[PDB]
Amino acid sequence: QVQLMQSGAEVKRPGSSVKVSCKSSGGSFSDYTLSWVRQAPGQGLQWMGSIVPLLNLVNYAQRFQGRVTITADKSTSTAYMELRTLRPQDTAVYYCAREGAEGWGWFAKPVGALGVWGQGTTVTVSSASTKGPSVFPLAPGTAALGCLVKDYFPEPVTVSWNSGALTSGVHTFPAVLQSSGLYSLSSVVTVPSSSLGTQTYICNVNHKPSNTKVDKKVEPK
Amino acid sequence: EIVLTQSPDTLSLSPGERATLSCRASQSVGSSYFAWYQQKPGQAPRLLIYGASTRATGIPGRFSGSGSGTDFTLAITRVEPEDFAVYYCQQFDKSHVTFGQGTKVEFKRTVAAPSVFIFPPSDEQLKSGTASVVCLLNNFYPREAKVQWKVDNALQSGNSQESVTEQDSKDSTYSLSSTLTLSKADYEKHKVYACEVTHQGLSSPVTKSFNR
Amino acid sequence: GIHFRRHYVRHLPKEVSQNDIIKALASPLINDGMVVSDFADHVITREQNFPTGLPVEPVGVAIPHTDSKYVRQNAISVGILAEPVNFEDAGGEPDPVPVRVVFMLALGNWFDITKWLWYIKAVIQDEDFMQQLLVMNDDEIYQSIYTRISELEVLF
């Protein structure tokens, strides 16, 4: 019935501000509450605030103490989320959510719980600047090989093998945040040892933020 | 505020078992103001149960919520491969919303030992001035594994980082990657680099090493 | 549930101000223990900076309320005005809403607000019924509103 479309990912410096938008779809925009819930990488859900556009009533999580401003533009059916004076710990995925409704149309009974969710907006708060990754090979019964995607910012990095023609035994690990502020990940694949000398293995790294595309052939030393 | 405590943190069962998740509240919550959610890796949460016991549209009958006051329960009669995820409880009784810490329902399989592969730093990386040593643990269960770095039989600490994949839909196993970070100069002052691995499916700590 | 007694419906005379309307519709709730004694001033304070005028097509409807911490039990108070009294528009239009029907809401949870606007949708929906509200007497308005909202939520 209803679709929530949010804005794209954002990268901000500490102390700056973020305005995430969220456009609604088929269904009454003002009659039902819009909520904002965020989720830090690897952690749980945290409510930030709710708004009823028809009455322009907003209810905030008092723990933010004014750092959050939630507005609703009834003419374009868009809700806004502004988080000011950002800290590195504000790095999270910010979700737009609409409360569920029993039934259809104008007489859909509000339910309270969040039945319609947006796809989420990644917000990264850091002092690091955009940097493309350098790719180093992890040179190799069964054997293992891979590529090390070290020192890049921001997330994410997509890794494939042989242009997607190799998906059995591949394991791309979640990136780690290094002390320098740059990310690093590993992508390994287990292959038969009898294939090392005659089967080509190429790791395809694409970093869309920096428009960097690296192909690194992996061979035994 | 009303604090929600979920139990257990992780639930390990095979497909077909009953899954029971508990959510305890520090204050009484009205049944109309309680809800359960499901979240799979990479996706937004999905509403399962609202009003403490009512199924959301399109939620199969194997999900059933119950409880009132301060004790609420979510039950899954016959767990299926697409039911393995993280479940959060939620209340919004007194003009504020709180979530539970989450319960990961994981696929439980037989104990599986990991394959260990140690990788010396590449030649083009040492040219740049840094040395990364990677230790790979491939396809093991359960998740609990401990990796330790030793250079010239000297225990390392505070110069490595770990990463664990989500549970594979293939064999229900996990994989771990550790990365020992050293400068190029410190990498020359030592000969042997080893990563010792201890796991439930190993009779003794397995050590993989190489000589620089 | 939600409490809806017979004395929660009242016709109001002419030449009444917006504050006198709010004070009159809060007296039954204060006398029954549904709200705090200061409930009248808190609703007046909210309406001044968060108006609740609704430009319903038949007759204008207003929904003055306040935060939940000043509410003991859920209840609604209905007031029929003799003359149209302006309530500034909750939408944001620079001109107000000539209101003849006022619903004073005292809910205990902020997240039930969207659910109570839905109850008023069941009363607002019938154009002919909104016309009858201005001509019916006190006990006629109570019986019709009670049964119309009784079709879903528990009353009294």
# chains A, B, ... in the order shown; residues from 1 in each chain; ligands from 1

$ residues_around --residues "residue 69 in chain B" --least-positions-apart "2" --cutoff "12 Å" --atoms "only C-alpha atoms" --output "MDAnalysis selection string"
chainID B and resid 23:34 52 66:67 71:73 91 93

$ write_last_selection --atoms "N, CA and C atoms" --output "PDB file, in the first residue's frame"
ATOM      1  N   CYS B  23      10.571 -11.271  26.541  1.00  0.00           N
ATOM      2  CA  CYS B  23      10.849  -9.850  26.708  1.00  0.00           C
ATOM      3  C   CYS B  23      10.259  -9.425  28.043  1.00  0.00           C
ATOM      4  N   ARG B  24      11.112  -8.950  28.946  1.00  0.00           N
ATOM      5  CA  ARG B  24      10.690  -8.514  30.269  1.00  0.00           C
ATOM      6  C   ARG B  24      10.776  -6.996  30.364  1.00  0.00           C
ATOM      7  N   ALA B  25       9.778  -6.393  31.003  1.00  0.00           N
ATOM      8  CA  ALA B  25       9.675  -4.946  31.115  1.00  0.00           C
ATOM      9  C   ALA B  25       9.854  -4.514  32.564  1.00  0.00           C
ATOM     10  N   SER B  26      10.488  -3.355  32.754  1.00  0.00           N
ATOM     11  CA  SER B  26      10.685  -2.809  34.091  1.00  0.00           C
ATOM     12  C   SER B  26       9.410  -2.216  34.674  1.00  0.00           C
ATOM     13  N   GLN B  27       8.429  -1.893  33.832  1.00  0.00           N
ATOM     14  CA  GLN B  27       7.126  -1.425  34.277  1.00  0.00           C
ATOM     15  C   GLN B  27       6.054  -2.115  33.445  1.00  0.00           C
ATOM     16  N   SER B  28       4.815  -2.040  33.924  1.00  0.00           N
ATOM     17  CA  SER B  28       3.701  -2.624  33.187  1.00  0.00           C
ATOM     18  C   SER B  28       3.469  -1.865  31.888  1.00  0.00           C
ATOM     19  N   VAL B  29       3.312  -2.607  30.796  1.00  0.00           N
ATOM     20  CA  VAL B  29       3.012  -2.049  29.484  1.00  0.00           C
ATOM     21  C   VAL B  29       1.642  -2.558  29.060  1.00  0.00           C
ATOM     22  N   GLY B  30       0.809  -1.658  28.546  1.00  0.00           N
ATOM     23  CA  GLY B  30      -0.471  -2.076  28.004  1.00  0.00           C
ATOM     24  C   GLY B  30      -0.281  -2.954  26.781  1.00  0.00           C
ATOM     25  N   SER B  31      -1.082  -4.021  26.705  1.00  0.00           N
ATOM     26  CA  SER B  31      -0.945  -4.979  25.612  1.00  0.00           C
ATOM     27  C   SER B  31      -1.115  -4.315  24.252  1.00  0.00           C
ATOM     28  N   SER B  32      -1.952  -3.278  24.171  1.00  0.00           N
ATOM     29  CA  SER B  32      -2.136  -2.561  22.916  1.00  0.00           C
ATOM     30  C   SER B  32      -0.869  -1.843  22.464  1.00  0.00           C
ATOM     31  N   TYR B  33       0.104  -1.657  23.357  1.00  0.00           N
ATOM     32  CA  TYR B  33       1.290  -0.862  23.068  1.00  0.00           C
ATOM     33  C   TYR B  33       2.555  -1.706  22.948  1.00  0.00           C
ATOM     34  N   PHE B  34       2.423  -3.003  22.685  1.00  0.00           N
ATOM     35  CA  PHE B  34       3.573  -3.888  22.574  1.00  0.00           C
ATOM     36  C   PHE B  34       3.627  -4.500  21.182  1.00  0.00           C
ATOM     37  N   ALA B  52       0.620  -7.031  21.137  1.00  0.00           N
ATOM     38  CA  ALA B  52       1.109  -8.128  21.968  1.00  0.00           C
ATOM     39  C   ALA B  52       0.790  -9.508  21.397  1.00  0.00           C
ATOM     40  N   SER B  66       2.265 -13.387  22.934  1.00  0.00           N
ATOM     41  CA  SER B  66       1.438 -13.534  24.124  1.00  0.00           C
ATOM     42  C   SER B  66       2.085 -12.769  25.269  1.00  0.00           C
ATOM     43  N   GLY B  67       1.364 -12.690  26.376  1.00  0.00           N
ATOM     44  CA  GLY B  67       1.843 -12.038  27.577  1.00  0.00           C
ATOM     45  C   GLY B  67       1.180 -10.688  27.802  1.00  0.00           C
ATOM     46  N   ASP B  71       5.702  -9.298  31.346  1.00  0.00           N
ATOM     47  CA  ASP B  71       6.286 -10.481  30.722  1.00  0.00           C
ATOM     48  C   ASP B  71       5.572 -10.738  29.402  1.00  0.00           C
ATOM     49  N   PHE B  72       6.305 -10.612  28.298  1.00  0.00           N
ATOM     50  CA  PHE B  72       5.781 -10.874  26.966  1.00  0.00           C
ATOM     51  C   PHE B  72       6.622 -11.948  26.291  1.00  0.00           C
ATOM     52  N   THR B  73       5.977 -12.742  25.439  1.00  0.00           N
ATOM     53  CA  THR B  73       6.622 -13.890  24.820  1.00  0.00           C
ATOM     54  C   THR B  73       6.256 -13.969  23.345  1.00  0.00           C
ATOM     55  N   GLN B  91       7.971  -1.397  22.991  1.00  0.00           N
ATOM     56  CA  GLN B  91       6.837  -0.835  23.704  1.00  0.00           C
ATOM     57  C   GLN B  91       6.751   0.653  23.401  1.00  0.00           C
ATOM     58  N   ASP B  93       4.173   2.615  25.449  1.00  0.00           N
ATOM     59  CA  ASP B  93       3.030   2.786  26.338  1.00  0.00           C
ATOM     60  C   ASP B  93       2.925   4.212  26.868  1.00  0.00           C
TER      61      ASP B  93
END

$ residues_around --residues "residue 127 in chain B" --least-positions-apart "5" --cutoff "12 Å" --atoms "only C-alpha atoms" --output "number ranges by chain"
A: 136; B: 121-122, 183-185

$ closest_atom_pairs --of "chain A" --to "chain C" --cutoff "9 Å" --atoms "only C-alpha atoms" --output "Markdown table"
| residue | atom | partner | partner_atom | distance |
| --- | --- | --- | --- | --- |
| A:31 | CA | C:114 | CA | 6.5 |
| A:32 | CA | C:114 | CA | 5.9 |
| A:33 | CA | C:114 | CA | 6.8 |
| A:50 | CA | C:111 | CA | 8.8 |
| A:52 | CA | C:114 | CA | 7.4 |
| A:53 | CA | C:91 | CA | 8.4 |
| A:54 | CA | C:91 | CA | 6.4 |
| A:55 | CA | C:90 | CA | 5.4 |
| A:56 | CA | C:90 | CA | 7.3 |
| A:57 | CA | C:50 | CA | 7.8 |
| A:59 | CA | C:110 | CA | 7.8 |
| A:74 | CA | C:91 | CA | 8.7 |
| A:106 | CA | C:121 | CA | 8.7 |
| A:107 | CA | C:118 | CA | 7.3 |
| A:108 | CA | C:118 | CA | 8.2 |
| A:109 | CA | C:118 | CA | 6.6 |
| A:110 | CA | C:115 | CA | 5.4 |
| A:111 | CA | C:115 | CA | 7.5 |
| A:112 | CA | C:111 | CA | 6.6 |

$ write_last_selection --atoms "N, CA, C and O atoms" --output "compact mmCIF listing (two decimals), in the first residue's frame"
# COMPACT_ATOMS: atom_id res chain seq x y z
N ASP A 31 -2.73 11.60 8.38
CA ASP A 31 -3.54 10.92 9.38
C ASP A 31 -2.75 9.94 10.24
O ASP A 31 -3.25 9.52 11.29
N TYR A 32 -1.53 9.58 9.85
CA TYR A 32 -0.79 8.53 10.53
C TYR A 32 0.59 9.03 10.93
O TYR A 32 1.19 9.87 10.25
N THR A 33 1.09 8.50 12.04
CA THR A 33 2.33 8.98 12.64
C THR A 33 3.54 8.48 11.87
O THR A 33 3.60 7.33 11.44
N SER A 50 8.69 11.05 16.78
CA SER A 50 7.51 10.78 15.97
C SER A 50 6.80 12.10 15.68
O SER A 50 6.95 13.08 16.41
N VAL A 52 2.91 13.66 13.92
CA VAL A 52 1.60 13.54 13.30
C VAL A 52 1.40 14.78 12.42
O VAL A 52 1.19 15.88 12.95
N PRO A 53 1.47 14.65 11.09
CA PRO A 53 1.46 15.86 10.24
C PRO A 53 0.15 16.63 10.28
O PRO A 53 0.18 17.86 10.16
N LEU A 54 -0.99 15.95 10.43
CA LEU A 54 -2.27 16.64 10.38
C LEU A 54 -2.37 17.73 11.43
O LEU A 54 -2.83 18.84 11.15
N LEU A 55 -1.92 17.44 12.65
CA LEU A 55 -1.92 18.41 13.73
C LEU A 55 -0.56 19.05 13.95
O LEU A 55 -0.44 19.94 14.80
N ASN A 56 0.46 18.63 13.20
CA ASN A 56 1.83 19.10 13.38
C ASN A 56 2.28 18.92 14.83
O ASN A 56 2.82 19.83 15.46
N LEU A 57 2.04 17.73 15.36
CA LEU A 57 2.43 17.35 16.71
C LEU A 57 3.65 16.44 16.63
O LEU A 57 3.59 15.39 15.98
N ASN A 59 6.71 14.40 18.88
CA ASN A 59 7.12 13.86 20.16
C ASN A 59 8.54 13.33 20.02
O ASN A 59 8.82 12.50 19.15
N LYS A 74 3.48 18.83 4.34
CA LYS A 74 2.25 18.16 3.93
C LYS A 74 1.98 18.29 2.44
O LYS A 74 1.34 17.42 1.85
N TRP A 106 -9.23 5.70 3.58
CA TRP A 106 -9.35 6.75 4.58
C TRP A 106 -9.77 6.21 5.94
O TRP A 106 -9.49 6.86 6.96
N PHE A 107 -10.43 5.06 6.00
CA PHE A 107 -10.89 4.48 7.25
C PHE A 107 -9.97 3.38 7.77
O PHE A 107 -10.42 2.51 8.53
N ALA A 108 -8.70 3.40 7.39
CA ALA A 108 -7.75 2.43 7.92
C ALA A 108 -7.46 2.76 9.38
O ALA A 108 -7.04 3.87 9.71
N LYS A 109 -7.70 1.79 10.26
CA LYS A 109 -7.54 2.01 11.69
C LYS A 109 -6.06 2.03 12.06
O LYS A 109 -5.36 1.05 11.81
N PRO A 110 -5.55 3.12 12.64
CA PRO A 110 -4.16 3.13 13.09
C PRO A 110 -3.91 2.04 14.12
O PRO A 110 -4.80 1.64 14.87
N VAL A 111 -2.66 1.57 14.16
CA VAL A 111 -2.31 0.37 14.91
C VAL A 111 -1.27 0.71 15.97
O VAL A 111 -1.25 0.11 17.05
N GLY A 112 -0.43 1.70 15.68
CA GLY A 112 0.58 2.11 16.63
C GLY A 112 1.96 1.62 16.27
O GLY A 112 2.90 2.42 16.15

$ atom_distance --atom1 "CA of residue 113 in chain B" --atom2 "CA of residue 79 in chain B"
25.5 Å

$ closest_atom_pairs --of "chain B" --to "chain A" --cutoff "8 Å" --atoms "only C-alpha atoms" --output "JSON lines"
{"residue": "B:33", "atom": "CA", "partner": "A:112", "partner_atom": "CA", "distance": 7.1}
{"residue": "B:34", "atom": "CA", "partner": "A:113", "partner_atom": "CA", "distance": 7.8}
{"residue": "B:35", "atom": "CA", "partner": "A:113", "partner_atom": "CA", "distance": 6.3}
{"residue": "B:43", "atom": "CA", "partner": "A:119", "partner_atom": "CA", "distance": 7.4}
{"residue": "B:44", "atom": "CA", "partner": "A:119", "partner_atom": "CA", "distance": 6.2}
{"residue": "B:45", "atom": "CA", "partner": "A:117", "partner_atom": "CA", "distance": 7.4}
{"residue": "B:46", "atom": "CA", "partner": "A:115", "partner_atom": "CA", "distance": 7.0}
{"residue": "B:47", "atom": "CA", "partner": "A:115", "partner_atom": "CA", "distance": 5.4}
{"residue": "B:50", "atom": "CA", "partner": "A:113", "partner_atom": "CA", "distance": 6.2}
{"residue": "B:51", "atom": "CA", "partner": "A:111", "partner_atom": "CA", "distance": 8.0}
{"residue": "B:56", "atom": "CA", "partner": "A:115", "partner_atom": "CA", "distance": 7.9}
{"residue": "B:95", "atom": "CA", "partner": "A:59", "partner_atom": "CA", "distance": 7.8}
{"residue": "B:96", "atom": "CA", "partner": "A:61", "partner_atom": "CA", "distance": 6.8}
{"residue": "B:97", "atom": "CA", "partner": "A:47", "partner_atom": "CA", "distance": 6.1}
{"residue": "B:98", "atom": "CA", "partner": "A:47", "partner_atom": "CA", "distance": 6.7}
{"residue": "B:99", "atom": "CA", "partner": "A:45", "partner_atom": "CA", "distance": 6.3}
{"residue": "B:100", "atom": "CA", "partner": "A:44", "partner_atom": "CA", "distance": 7.7}
{"residue": "B:101", "atom": "CA", "partner": "A:44", "partner_atom": "CA", "distance": 5.8}
{"residue": "B:102", "atom": "CA", "partner": "A:44", "partner_atom": "CA", "distance": 6.6}
{"residue": "B:117", "atom": "CA", "partner": "A:144", "partner_atom": "CA", "distance": 7.0}
{"residue": "B:119", "atom": "CA", "partner": "A:138", "partner_atom": "CA", "distance": 6.1}
{"residue": "B:120", "atom": "CA", "partner": "A:138", "partner_atom": "CA", "distance": 7.7}
{"residue": "B:121", "atom": "CA", "partner": "A:138", "partner_atom": "CA", "distance": 7.7}
{"residue": "B:122", "atom": "CA", "partner": "A:136", "partner_atom": "CA", "distance": 6.4}
{"residue": "B:124", "atom": "CA", "partner": "A:136", "partner_atom": "CA", "distance": 7.2}
{"residue": "B:125", "atom": "CA", "partner": "A:136", "partner_atom": "CA", "distance": 6.7}
{"residue": "B:161", "atom": "CA", "partner": "A:176", "partner_atom": "CA", "distance": 7.0}
{"residue": "B:162", "atom": "CA", "partner": "A:176", "partner_atom": "CA", "distance": 7.4}
{"residue": "B:163", "atom": "CA", "partner": "A:174", "partner_atom": "CA", "distance": 6.0}
{"residue": "B:164", "atom": "CA", "partner": "A:173", "partner_atom": "CA", "distance": 6.4}
{"residue": "B:165", "atom": "CA", "partner": "A:173", "partner_atom": "CA", "distance": 5.4}
{"residue": "B:175", "atom": "CA", "partner": "A:171", "partner_atom": "CA", "distance": 7.6}
{"residue": "B:176", "atom": "CA", "partner": "A:173", "partner_atom": "CA", "distance": 7.7}
{"residue": "B:177", "atom": "CA", "partner": "A:173", "partner_atom": "CA", "distance": 7.1}

$ atom_distance --atom1 "CA of residue 35 in chain C" --atom2 "CA of residue 84 in chain C"
27.1 Å

$ select_by_dssp --residues "range 38-78 of chain B" --states "strand (DSSP E or B)" --output "ChimeraX atom specification"
/B:38-39,46-50,54-55,63-76

$ write_last_selection --atoms "N, CA, C and O atoms" --output "PDB file, in the first residue's frame"
ATOM      1  N   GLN B  38      11.098  -8.294  13.297  1.00  0.00           N
ATOM      2  CA  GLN B  38      12.099  -9.188  12.738  1.00  0.00           C
ATOM      3  C   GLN B  38      12.998  -8.397  11.799  1.00  0.00           C
ATOM      4  O   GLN B  38      12.515  -7.565  11.025  1.00  0.00           O
ATOM      5  N   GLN B  39      14.303  -8.648  11.870  1.00  0.00           N
ATOM      6  CA  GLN B  39      15.259  -7.961  11.010  1.00  0.00           C
ATOM      7  C   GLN B  39      16.271  -8.962  10.479  1.00  0.00           C
ATOM      8  O   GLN B  39      16.956  -9.627  11.261  1.00  0.00           O
ATOM      9  N   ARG B  46      10.979  -5.596  10.185  1.00  0.00           N
ATOM     10  CA  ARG B  46       9.648  -5.918   9.688  1.00  0.00           C
ATOM     11  C   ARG B  46       8.733  -6.209  10.866  1.00  0.00           C
ATOM     12  O   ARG B  46       9.119  -6.933  11.789  1.00  0.00           O
ATOM     13  N   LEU B  47       7.528  -5.648  10.831  1.00  0.00           N
ATOM     14  CA  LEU B  47       6.565  -5.870  11.900  1.00  0.00           C
ATOM     15  C   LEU B  47       6.009  -7.287  11.827  1.00  0.00           C
ATOM     16  O   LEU B  47       5.489  -7.709  10.789  1.00  0.00           O
ATOM     17  N   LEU B  48       6.127  -8.025  12.933  1.00  0.00           N
ATOM     18  CA  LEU B  48       5.561  -9.367  13.054  1.00  0.00           C
ATOM     19  C   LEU B  48       4.268  -9.363  13.862  1.00  0.00           C
ATOM     20  O   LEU B  48       3.199  -9.693  13.341  1.00  0.00           O
ATOM     21  N   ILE B  49       4.359  -9.001  15.138  1.00  0.00           N
ATOM     22  CA  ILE B  49       3.231  -9.019  16.060  1.00  0.00           C
ATOM     23  C   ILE B  49       3.005  -7.602  16.564  1.00  0.00           C
ATOM     24  O   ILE B  49       3.959  -6.919  16.952  1.00  0.00           O
ATOM     25  N   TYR B  50       1.750  -7.160  16.544  1.00  0.00           N
ATOM     26  CA  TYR B  50       1.357  -5.911  17.175  1.00  0.00           C
ATOM     27  C   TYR B  50       0.231  -6.198  18.155  1.00  0.00           C
ATOM     28  O   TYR B  50      -0.434  -7.235  18.078  1.00  0.00           O
ATOM     29  N   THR B  54      -1.395  -9.917  18.063  1.00  0.00           N
ATOM     30  CA  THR B  54      -2.010  -9.901  16.742  1.00  0.00           C
ATOM     31  C   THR B  54      -0.932  -9.951  15.665  1.00  0.00           C
ATOM     32  O   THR B  54       0.032  -9.181  15.708  1.00  0.00           O
ATOM     33  N   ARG B  55      -1.102 -10.856  14.704  1.00  0.00           N
ATOM     34  CA  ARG B  55      -0.155 -10.988  13.605  1.00  0.00           C
ATOM     35  C   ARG B  55      -0.365  -9.887  12.576  1.00  0.00           C
ATOM     36  O   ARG B  55      -1.500  -9.555  12.220  1.00  0.00           O
ATOM     37  N   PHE B  63       3.931 -17.847  13.853  1.00  0.00           N
ATOM     38  CA  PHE B  63       4.316 -16.796  14.782  1.00  0.00           C
ATOM     39  C   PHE B  63       3.134 -16.479  15.686  1.00  0.00           C
ATOM     40  O   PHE B  63       2.014 -16.284  15.203  1.00  0.00           O
ATOM     41  N   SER B  64       3.383 -16.435  16.994  1.00  0.00           N
ATOM     42  CA  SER B  64       2.326 -16.170  17.964  1.00  0.00           C
ATOM     43  C   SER B  64       2.915 -15.411  19.143  1.00  0.00           C
ATOM     44  O   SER B  64       3.861 -15.888  19.776  1.00  0.00           O
ATOM     45  N   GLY B  65       2.358 -14.240  19.430  1.00  0.00           N
ATOM     46  CA  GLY B  65       2.761 -13.446  20.572  1.00  0.00           C
ATOM     47  C   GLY B  65       1.772 -13.590  21.715  1.00  0.00           C
ATOM     48  O   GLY B  65       0.597 -13.878  21.504  1.00  0.00           O
ATOM     49  N   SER B  66       2.265 -13.387  22.934  1.00  0.00           N
ATOM     50  CA  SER B  66       1.438 -13.534  24.124  1.00  0.00           C
ATOM     51  C   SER B  66       2.085 -12.769  25.269  1.00  0.00           C
ATOM     52  O   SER B  66       3.205 -12.264  25.155  1.00  0.00           O
ATOM     53  N   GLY B  67       1.364 -12.690  26.376  1.00  0.00           N
ATOM     54  CA  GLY B  67       1.843 -12.038  27.577  1.00  0.00           C
ATOM     55  C   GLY B  67       1.180 -10.688  27.802  1.00  0.00           C
ATOM     56  O   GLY B  67       0.523 -10.120  26.928  1.00  0.00           O
ATOM     57  N   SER B  68       1.370 -10.185  29.016  1.00  0.00           N
ATOM     58  CA  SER B  68       0.833  -8.892  29.422  1.00  0.00           C
ATOM     59  C   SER B  68       1.623  -8.413  30.633  1.00  0.00           C
ATOM     60  O   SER B  68       2.537  -9.090  31.110  1.00  0.00           O
ATOM     61  N   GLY B  69       1.259  -7.234  31.130  1.00  0.00           N
ATOM     62  CA  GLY B  69       1.943  -6.658  32.271  1.00  0.00           C
ATOM     63  C   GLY B  69       3.400  -6.359  31.993  1.00  0.00           C
ATOM     64  O   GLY B  69       3.722  -5.371  31.327  1.00  0.00           O
ATOM     65  N   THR B  70       4.295  -7.213  32.496  1.00  0.00           N
ATOM     66  CA  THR B  70       5.726  -7.033  32.304  1.00  0.00           C
ATOM     67  C   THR B  70       6.405  -8.196  31.596  1.00  0.00           C
ATOM     68  O   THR B  70       7.593  -8.084  31.271  1.00  0.00           O
ATOM     69  N   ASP B  71       5.702  -9.298  31.346  1.00  0.00           N
ATOM     70  CA  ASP B  71       6.286 -10.481  30.722  1.00  0.00           C
ATOM     71  C   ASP B  71       5.572 -10.738  29.402  1.00  0.00           C
ATOM     72  O   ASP B  71       4.376 -11.046  29.388  1.00  0.00           O
ATOM     73  N   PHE B  72       6.305 -10.612  28.298  1.00  0.00           N
ATOM     74  CA  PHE B  72       5.781 -10.874  26.966  1.00  0.00           C
ATOM     75  C   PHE B  72       6.622 -11.948  26.291  1.00  0.00           C
ATOM     76  O   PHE B  72       7.827 -12.056  26.532  1.00  0.00           O
ATOM     77  N   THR B  73       5.977 -12.742  25.439  1.00  0.00           N
ATOM     78  CA  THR B  73       6.622 -13.890  24.820  1.00  0.00           C
ATOM     79  C   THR B  73       6.256 -13.969  23.345  1.00  0.00           C
ATOM     80  O   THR B  73       5.094 -13.779  22.973  1.00  0.00           O
ATOM     81  N   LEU B  74       7.256 -14.248  22.514  1.00  0.00           N
ATOM     82  CA  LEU B  74       7.063 -14.563  21.105  1.00  0.00           C
ATOM     83  C   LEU B  74       7.440 -16.019  20.873  1.00  0.00           C
ATOM     84  O   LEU B  74       8.510 -16.462  21.304  1.00  0.00           O
ATOM     85  N   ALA B  75       6.568 -16.756  20.192  1.00  0.00           N
ATOM     86  CA  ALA B  75       6.779 -18.172  19.930  1.00  0.00           C
ATOM     87  C   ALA B  75       6.818 -18.426  18.430  1.00  0.00           C
ATOM     88  O   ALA B  75       6.076 -17.803  17.664  1.00  0.00           O
ATOM     89  N   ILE B  76       7.695 -19.338  18.018  1.00  0.00           N
ATOM     90  CA  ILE B  76       7.776 -19.804  16.638  1.00  0.00           C
ATOM     91  C   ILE B  76       7.660 -21.322  16.685  1.00  0.00           C
ATOM     92  O   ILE B  76       8.561 -22.000  17.194  1.00  0.00           O
TER      93      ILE B  76
END

$ atom_distance --atom1 "CA of residue 156 in chain B" --atom2 "CA of residue 42 in chain A"
26.0 Å

$ residues_around --residues "residue 25 in chain A" --least-positions-apart "2" --cutoff "9 Å" --atoms "only C-alpha atoms" --output "PDB file with N, CA, C and O atoms, in the first residue's frame"
ATOM      1  N   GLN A   1       0.824  -1.202   0.000  1.00  0.00           N
ATOM      2  CA  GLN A   1       0.000   0.000   0.000  1.00  0.00           C
ATOM      3  C   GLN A   1       0.863   1.259   0.000  1.00  0.00           C
ATOM      4  O   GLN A   1       0.879   2.009  -0.976  1.00  0.00           O
ATOM      5  N   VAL A   2       1.585   1.479   1.097  1.00  0.00           N
ATOM      6  CA  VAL A   2       2.396   2.677   1.291  1.00  0.00           C
ATOM      7  C   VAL A   2       3.857   2.334   1.052  1.00  0.00           C
ATOM      8  O   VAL A   2       4.332   1.266   1.456  1.00  0.00           O
ATOM      9  N   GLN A   3       4.574   3.245   0.400  1.00  0.00           N
ATOM     10  CA  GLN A   3       6.017   3.153   0.244  1.00  0.00           C
ATOM     11  C   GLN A   3       6.672   4.380   0.859  1.00  0.00           C
ATOM     12  O   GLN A   3       6.198   5.506   0.681  1.00  0.00           O
ATOM     13  N   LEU A   4       7.763   4.157   1.583  1.00  0.00           N
ATOM     14  CA  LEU A   4       8.572   5.234   2.136  1.00  0.00           C
ATOM     15  C   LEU A   4       9.919   5.237   1.429  1.00  0.00           C
ATOM     16  O   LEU A   4      10.665   4.254   1.504  1.00  0.00           O
ATOM     17  N   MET A   5      10.221   6.330   0.737  1.00  0.00           N
ATOM     18  CA  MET A   5      11.479   6.493   0.020  1.00  0.00           C
ATOM     19  C   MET A   5      12.301   7.571   0.716  1.00  0.00           C
ATOM     20  O   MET A   5      11.856   8.719   0.829  1.00  0.00           O
ATOM     21  N   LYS A  23      10.002  10.561   1.629  1.00  0.00           N
ATOM     22  CA  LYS A  23       8.786  10.836   0.879  1.00  0.00           C
ATOM     23  C   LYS A  23       7.825   9.659   0.984  1.00  0.00           C
ATOM     24  O   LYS A  23       8.223   8.506   0.794  1.00  0.00           O
ATOM     25  N   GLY A  27      -1.599   6.440   0.234  1.00  0.00           N
ATOM     26  CA  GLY A  27      -2.107   6.380   1.591  1.00  0.00           C
ATOM     27  C   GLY A  27      -2.101   7.740   2.256  1.00  0.00           C
ATOM     28  O   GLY A  27      -1.325   8.618   1.869  1.00  0.00           O
ATOM     29  N   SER A  28      -2.959   7.931   3.258  1.00  0.00           N
ATOM     30  CA  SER A  28      -3.069   9.228   3.912  1.00  0.00           C
ATOM     31  C   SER A  28      -1.757   9.588   4.595  1.00  0.00           C
ATOM     32  O   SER A  28      -1.248   8.830   5.426  1.00  0.00           O
ATOM     33  N   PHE A  29      -1.211  10.749   4.235  1.00  0.00           N
ATOM     34  CA  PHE A  29       0.078  11.169   4.770  1.00  0.00           C
ATOM     35  C   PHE A  29      -0.058  11.780   6.159  1.00  0.00           C
ATOM     36  O   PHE A  29       0.756  11.497   7.045  1.00  0.00           O
ATOM     37  N   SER A  77       4.216  15.645   0.953  1.00  0.00           N
ATOM     38  CA  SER A  77       4.149  14.376   1.681  1.00  0.00           C
ATOM     39  C   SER A  77       5.540  13.880   2.073  1.00  0.00           C
ATOM     40  O   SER A  77       5.860  12.697   1.937  1.00  0.00           O
TER      41      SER A  77
END

$ residues_around --residues "residue 116 in chain B" --least-positions-apart "2" --cutoff "9 Å" --atoms "only C-alpha atoms" --output "ChimeraX atom specification"
/B:114,118,135-138,195,197,206-208
